[PDB]
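Right, one structure below, let's go through it.
FYI, the numbering just counts along the sequence from 1. Just so you know, these numbers use all the heavy atoms, side chains as well, and skip hydrogens, waters and symmetry mates. Each ligand, and each atom within it, is numbered from 1 in the order the structure gives.
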Amino acid sequence: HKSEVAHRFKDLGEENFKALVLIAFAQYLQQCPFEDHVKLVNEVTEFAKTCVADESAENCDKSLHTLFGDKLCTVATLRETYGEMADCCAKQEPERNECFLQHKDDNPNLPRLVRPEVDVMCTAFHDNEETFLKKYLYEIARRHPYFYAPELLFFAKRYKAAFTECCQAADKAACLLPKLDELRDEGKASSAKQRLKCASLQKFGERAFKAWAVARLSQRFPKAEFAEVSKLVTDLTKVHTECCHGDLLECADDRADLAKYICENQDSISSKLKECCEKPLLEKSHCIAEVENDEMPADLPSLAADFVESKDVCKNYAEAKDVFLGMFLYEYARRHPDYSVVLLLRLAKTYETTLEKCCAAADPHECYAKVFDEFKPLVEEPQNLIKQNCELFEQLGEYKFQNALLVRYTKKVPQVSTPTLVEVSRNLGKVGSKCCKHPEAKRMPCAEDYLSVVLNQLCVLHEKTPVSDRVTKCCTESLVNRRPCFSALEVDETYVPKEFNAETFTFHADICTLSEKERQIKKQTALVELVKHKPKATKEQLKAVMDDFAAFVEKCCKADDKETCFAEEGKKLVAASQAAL
Ligand SMILES: CCCCCCCCCCCCCCCC(=O)O
Ligand SMILES: CCCCCCCCCCCCCCCC(=O)O
Ligand SMILES: CCCCCCCCCCCCCCCC(=O)O
């Protein structure tokens with residue numbers, strides 16, 4: 001490996017290389033025009049080829065950080081456009097790179113991306129495919145600077161396929177749109193997840209992170225052994241640390257290494273790991289990261305022997321507390337891939353707590369004798385919540401279910417913005433659709449996956465615009481209590497009903513024209529406001545008032561002279577309803 005670029009150019013291949021150089025440059029110099037980045041990419045790619053032909057060529061020996069930072073610094077409009085960022089160019093390489101990560105803006109001053117009409121895209125996709133997709137890769141990159149390049153390039157490829165496929169179907173829109181919607185949600189899910197771990201790591205430090213990783217790695221590699229798990233948990237923690245920092249190169253290298261490791265010692269980690277290991281450089285770590293839980297050895301002891309029924313428990317504990325507890329997690333985790341990771345941590349913490357008290361008491365072994373009895377309620381709590389909510393989501397579909405929640409949460413935290421309460425209840429409803437379709441054994445892990453982001457998103461908003469100490473409490477609690485905290489919120493009997501507003505419960509015929517999506521959001525916002533106005537109304541009373549409305553919109557969007565039925569019949573409703581409630 002005389003040349004670093006030549007070597008990466010080779011593993012990566014021209015197509016992927018160019019794409020990644022584009023993303024890398026876009027995530028840094030986020031305010032430079034596309035045509036400019038394209039020039040850079042062609043320069044670097046030309047240089048890289050030069051080195052593939054002669055590893056001895058000028059500058060081919062330099063590092064990726066030196067070449068990258070060197071290219072960034074050549075931009076003549078740097079100072080004028082970026083300013084301070086241009087002062088990094090004065091520093092020595094070591095510090096230069098670090099200076100750039102500092103001025104790497106997360107969430108810049110750029111306009112939201114409006115999605116064109118399927119036919120304009122498709123036509124753009126035909127007359128000129130590379131620059132169509134490159135310009136958009138560029139637009140997405142500059143807006144998500146901390147989004148792991150490769151994982152972004154992965155989505156890019158999926159977008160290209162949607163166009164290749166759909167842009168050749170009689171009814172493109174009916175094809176394309178549903179795909180552009182799924183990918184967007186996935187990209188948005190992916191992004192929130194990444195931001196969410198760098199948050200956890202930062203807030204709760206390495207210990208909790210490691211605890212989290214142990215439980216997760218064990219559920220997936222049950223056949224693996226604690227020594228291997230800890231190994232990976234350590235390397236994994238280094239990786240996340242480095243990737244969160246935002247240094248793509250270091251982060252990439254670290255991931256490539258970790259991937260090679262897992263694959264070589266594959267037989268020692270998991271059986272469901274061949275595919276990923278046969279895949280090319282770029283998709284290896286990504287593949288492994290999404291891997292499925294291996295089947296757990298069918299011959300495995302009872303935690304009660306090595307953790308409860310034993311003596312010398314406190315000795316093994318006091319000898320190396322965290323390692324012992326990590327052993328409890330690894331043991332309990334590989335036996336329960338049907339538990340959420342935080343439920344596992346919830347158990348480890350309960351265990352740690354009794355050990356601390358019992359190992360200090362007269363007859364230890366007897367003090368912590370009935371420890372698993374304490375685990376019981378901690379497990380059924382999330383189990384019942386899931387049973388409860390899926391038993392419900394079944395009867396009244398996604399929309400109606402979205403409405404039951406709306407009523408539920410609006411009543412718990414009325415001070416929240418109506419459009420916010422709609423967004424959350426809307427998301428939570430989709431979680432029900434996504435997860436309730438799974439058998440009991442895969443539900444808890446599913447809910448946790450989705451809720452975790454929703455709950456974090458939820459908390460970020462409250463941060464900027466506080467509204468309730470209660471929400472703040474749950475938001476600033478341990479990630480292990482976060483959800484159960486929210487689940488504990490009660491009806492706000494302090495809240496003072498908001499003033500009746502005729503304008504608020506006044507609807508026109510436009511609703512008949514709007515899309516199912518808009519019709520819903522419209523009626524949904526009305527429901528929130530209805531609860532905000534008469535919060536002490538029964539679920540029965542609310543149903544009645546909601547049925548009259550169902551009829552109202554119908555008997556009005558199917559009526560001669562549409563706008564009077566909405567003005568005349570509406571007046572009646574609001575009048576009847578006021579009296580009913
Ligand atoms: C002029 C120098 C530019 C530097 C070249 C662009 C950086 C591309 C290197 C990224 C390689 C990523 C390898 C995949 C790692 C993984 O498995 O996650
Ligand atoms: C290989 C060693 C990994 C370390 C494992 C540590 C086990 C600790 C288990 C307690 C749960 C940690 C939850 C963090 C939230 C909190 O601080 O209460
Ligand atoms: C901008 C601030 C947002 C505040 C909105 C608070 C709405 C409550 C969200 C609760 C979701 C957590 C799921 C708990 C499930 C349960 O009810 O048990």
Worksheet item: Under 4.0 Å from ligand 1, counting heavy atoms only, is it the side chain of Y148, its backbone, both or neither?
Response: side chain
Worksheet item: Does an N or O from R8, backbone or side chain, lie closer than 3.5 Å to an N or O of ligand 1?
Response: no
Response to the item:
Nearest heavy-atom approach of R8 to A256 is NH2-CB, 4.4 Å
Worksheet item: Quick check: are the SG atoms of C446 and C435 less than 2.5 Å apart?
Response: yes
Worksheet item: Are the gamma sulfurs of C89 and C73 separated by less than 2.5 Å?
Response: yes
Worksheet item: Is the shortest distance from a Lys or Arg side-chain nitrogen in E228 or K231 to a carboxylate oxygen in the other one below 4.0 Å?
Response: no
Worksheet entry | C99/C88 sulfur atoms closer than 2.5 Å | yes
Worksheet entry | Residue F68 vicinity, atoms of ligand 1 by number, heavy atom under 4.0 Å | 1 (C), 2 (C)
Worksheet item: For atom 4 (C) of ligand 2, which candidate among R346, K210, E206 provides the closest heavy atom?
Response: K210
Discussion item. In this structure, does ligand 3 have an atom that sits under 4.0 Å from one of the heavy atoms of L458?
Written reply: yes
Worksheet entry | Closest contact, heavy atoms only, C390 versus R443 | CB-NH1, 3.8 Å
Worksheet item: Should the SG-SG distance of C243 and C198 be recorded as below 2.5 Å?
Response: no
Worksheet item: Would you say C263 and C276 have SG atoms less than 2.5 angstrom apart?
Response: no
Fill in: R483 N/O under 3.5 Å from ligand 3 N/O
no
Worksheet item: Short list, please: which atoms of ligand 1 are under 4.0 Å from a heavy atom of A252?
Response: 12 (C), 15 (C)
Worksheet item: Going by heavy atoms in the side chains, are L421 and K532 under 4.5 Å from each other?
Response: yes
Worksheet item: Does some non-hydrogen atom of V467 fall short of 4.0 Å from ligand 3?
Response: no
Worksheet item: Taking atom types as modelled and ignoring hydrogens, do the side chains of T472 and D469 form a donor-acceptor contact shorter than 3.5 angstrom?
Response: no
Discussion item. So if I count the atoms of ligand 1 from 1 in the order they appear, which ones are less than 4.0 Å from some heavy atom of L281?
Written reply: 17 (O)
Discussion item. Using a 4.0 Å cutoff against the non-hydrogen atoms of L249, which atoms of ligand 1 qualify?
Written reply: 7 (C)
Worksheet item: What do you reckon, does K412 have a nitrogen or oxygen under 3.5 Å from a nitrogen or oxygen of ligand 3?
Response: no
Fill in: Residue part near ligand 3, for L385, under 4.0 Å between non-hydrogen atoms
side chain
Practice prompt. Give the numbers and elements of all ligand 2 atoms closer than 4.0 Å to a heavy atom of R207.
Written response: 8 (C)
Discussion item. Using a 4.0 Å cutoff against the non-hydrogen atoms of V416, which atoms of ligand 3 qualify?
Written reply: 4 (C), 5 (C)
Worksheet item: Against heavy atoms of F486, which atoms of ligand 3 measure under 4.0 Å?
Response: 12 (C)
Practice prompt. Evaluate the ring planes of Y317 and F324, with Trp represented by its six-membered ring, and classify them as parallel (under 30°), tilted (30 to 60°) or perpendicular (over 60°).
Written response: tilted
Response to the item:
Taking only non-hydrogen atoms of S285 and a 4.0 Å limit, the atoms of ligand 1 in range are 16 (C), 17 (O), 18 (O)
Worksheet entry | Atom indices of ligand 2 within 4.0 angstrom of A348 heavy atoms, with elements | 9 (C)
Practice prompt. Just say parallel, tilted or perpendicular for the rings of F25 and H37, cut-offs at 30° and 60°.
Written response: parallel
Worksheet item: Taking heavy atoms and a distance under 4.0 Å, where does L455 meet ligand 3: side chain, backbone, both or neither?
Response: side chain
Practice prompt. Considering the heavy atoms of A208, write down every atom of ligand 2 situated less than 4.0 Å from one of them.
Written response: 14 (C)
